[PDB]
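Everything below concerns the one structure shown next.
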Ligand SMILES: Cc1cc2nc3c(=O)[nH]c(=O)nc-3n(C[C@H](O)[C@H](O)[C@H](O)COP(=O)(O)OP(=O)(O)OC[C@H]3O[C@@H](n4cnc5c(N)ncnc54)[C@H](O)[C@@H]3O)c2cc1C
Ligand SMILES: NC(=O)c1ccc[n+]([C@@H]2O[C@H](COP(=O)([O-])OP(=O)(O)OC[C@H]3O[C@@H](n4cnc5c(N)ncnc54)[C@H](O)[C@@H]3O)[C@@H](O)[C@H]2O)c1
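Numbering (PDB author numbering), first residue to last: 5 to 405.
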């Protein structure tokens, strides 16, 4: 069960949500949190959004009030832990004893080889320090080159374009958001950005850089005042790999957050868990998972009677005039399109069914519909289809079932 003292490695959203719940759930023993970043815990979503505008870090901190009597060692790096001795080695020479150790060390932005040394600025966007460096070089008319058509990339493009900056983007795949988005949505998102002035380069990839210019695998090149790489992340599982835990670019855990090493748990971006919708193990790297999974695992540690994590995946993405929300899977048997798909009236909903069962949904500028659809997906609803394609009230249909 829950052996004290509790030691959490990492101080991001997963860590803060987990420790807050431990307390709320009634745990009153010792709790210590080790954060390598010398920063008061903050949320990352704003780093590519509003923060890029106001640059106010006090407007994006996380609320640790729900987590009383917790000692946060910020600026300190957990160098390793001994699972037999039940201790953690810190970078300041200290050692922390633990009864129950949690690894919520998240992940880190994948680096871009070829751009090794490329004279001009080259950043990744993961931290507040990153956010700050990039924000600086976002001077108007300047030229920004984004490598990666993922969510960080398109969110920065919108913010870069929204500030008089010029934007160019390179993607290796034939479409954007290849990772977790319906193709229907990607074609549109691509259409939207191109329309906002973004130079999209598909099936292209950066091969190098020679004096403030970038080389592409298409024999061509592109000039840029600053390059921001957004090509995915890698789990910060180095410590678990060394302590012999089971992992492969992410730590494997069950619905209780258990790793293959006794008394050691893991949550957040740093883990590969089961997707209840695809029945496959994968790394769910979303804000909702970071928070929801932390609480779930904390809730069960304090009370074994409580169920394991079961929340279904979903996430949002703010890209300029596009308020996107994607839940469940990106495809299935068929997809129903509620509303019209136009660059002028950007407002619509996509529903992904598998053999009649809703397995995913996408809401563009339509938050009213998201909540009910998540409810219907939550129960694998098998609603009409015709009533599902025409102006019916989902809140209601959801209410019916
Ligand atoms: C710019 C940006 C925008 C985003 N926007 C969205 C969005 O719109 N919607 C959405 O759903 N999600 C979004 N996300 C994703 C969301 O931020 C992540 O899902 C969430 O932060 C994952 O939390 P985490 O607790 O697992 O780990 P993280 O936040 O990575 O934190 C782990 C922490 O542990 C530290 N650490 C690692 N190793 C050690 C060690 N050995 N010792 C001590 N400390 C260590 C790390 O440095 C880090 O500070 C965004 C992310 C970024 C970066
Ligand atoms: N709105 C959101 O949900 C959101 C926003 C920002 C960041 N995040 C989180 O940030 C982390 C990483 O985000 P991300 O956007 O960098 O990654 P990602 O995996 O979402 O997207 C990376 C994109 O880069 C492309 N790519 C890969 N290698 C490339 C190369 N060499 N050149 C050009 N393109 C290449 C991929 O095909 C993919 O479309 C994840 O944990 C993610 O969930 C989420």
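Even for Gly, the Cβ is constructed at its ideal location relative to N, Cα and C.
Short note on residue 132: C-beta not closer than 7 angstroms to any heavy atom of ligand 1. Residue ranges of uninterrupted alpha helix (DSSP H) with 4 or more members, entirely inside the segment 160-241 and ordered along the chain, are 187-200. In this structure the segment 334-342 touches the segment 178-194; the number of beta carbon pairs closer than 8 angstroms is three or more. With contacts defined by Cβ atoms closer than 8 angstroms, residue 208 and residue 232 do not form a contacting pair. Per the C-alpha coordinates, the member of 391, 23, 405 positioned closest to residue 15 is 23. If you ignore the 5 residues before and after residue 81, its C-beta comes within less than 8 angstroms of the C-beta of 38, 40, 94, 95, all in its own chain and listed in chain order. Minimum Cα-Cα distance from residue 145 among the listed residues 133, 32, 168 corresponds to 168. Residue pairing by DSSP puts residue 351 in a beta bridge opposite 344. As computed with DSSP, residue 286 is found in a beta bridge with 277. A straight line joining the alpha-carbon of residue 141 with that of residue 230 spans about 7 angstroms. Collapsing the DSSP output to three states places residue 84 in a strand.
Distances taken from the Cβ of residue 76 to the heavy atoms of ligand 1 include none shorter than 7 angstroms. Here residue 382 really is in contact with residue 316; their C-beta atoms are around 6 angstroms apart, less than 8 angstroms. Residue pairing by DSSP places residue 321 opposite 328 in a beta bridge.
Secondary structure of residue 127 (DSSP, three-state): strand. Judged by pairs of C-beta atoms under 8 angstroms, the segment 357-372 touches the segment 338-346, as three or more such pairs exist. Residue 43 sits in coil when the DSSP states are folded into three classes, being neither helix nor strand.
In terms of CA proximity to residue 44, 77 leads the group 307, 299, 12, 77. Counted as a single uninterrupted DSSP element, the alpha helix (DSSP H) harbouring residue 20 occupies residues 17-28.
Check the Cα spacing between residue 356 and each of 372, 135, 380: the tightest is with 380.
Counting along the chain, residue 75 sits inside the beta strand (DSSP E) bounded by residues 75-78. Out of 206, 131, 263, the CA that lies nearest to the CA of residue 243 is found in 263.
For the pair residue 246 and residue 274, the Cα-to-Cα distance works out to about 15 angstroms. In the DSSP annotation of this structure, residue 395 is not part of any beta strand (DSSP E), being labelled neither H nor E.
8 angstroms or more divides the Cβ of residue 111 from the Cβ of residue 279. Approximately 18 angstroms separates the beta-carbon atoms of residue 75 and residue 298; this is outside 8 angstroms, ruling out the contact.
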